[PDB]
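Peer 1: The structure that follows is given in the form of structure tokens.
Please treat every number below as a calculation from the coordinates, not as lab data.
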Amino acid sequence: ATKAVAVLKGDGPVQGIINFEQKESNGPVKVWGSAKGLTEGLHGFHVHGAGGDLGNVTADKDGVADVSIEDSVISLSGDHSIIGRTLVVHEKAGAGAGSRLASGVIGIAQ
């Protein structure tokens with residue numbers, strides 16, 4: 001694909017949207033967007049399955065994240081295609097095996 005969207009829905013006020021973008025089959029995916037209704041701190045932000053970790057995002061004192069991560073690992077086409085694989089995010093701000101999540105399966109836009 002060349003575009004895709006992950007609509008984040010979760011526990012109560014936690015929601016959000018995340019766009020992905022790729023130009024050529026082995027180029028860098030650009031992951032931009034935001035999610036709203038969080039707590040203050042860092043949250044585990046990554047794609048589910050093998051090969052899709054995207055570090056963290058910084059929720060501010062309003063529980064809102066802004067995301068702008070270019071990415072060469074993940075891919076819209078190819079074998080490890082994230083199209084269909086689920087973008088999850090921790091509601092619990094910090095470290096460790098977070099359990100209260102908010103998910104959004106990645107679907108095609110363009």
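Peer 1: What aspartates and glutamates could a cross-link reach from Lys9, if we take a straight Cα to Cα line under 17 Å and drop same-chain neighbours fewer than 8 places away?
Peer 2: In chain and number order, the partners are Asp66, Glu91.
Peer 1: Cross-link candidates for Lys23: which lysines have Cα within less than 21 Å, leaving aside residues fewer than 8 places away along the same chain?
Peer 2: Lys3
Peer 1: Still on this structure, please answer the following. From the Cα gyration tensor of the chain, with a ≥ b ≥ c the square roots of its eigenvalues, which class applies: rounded if a/c is under 1.5, or else prolate if a/b is larger than b/c, or else oblate?
Peer 2: Details: a/c = 1.91, a/b = 1.80, b/c = 1.07.
It comes out prolate by the Cα gyration axes.
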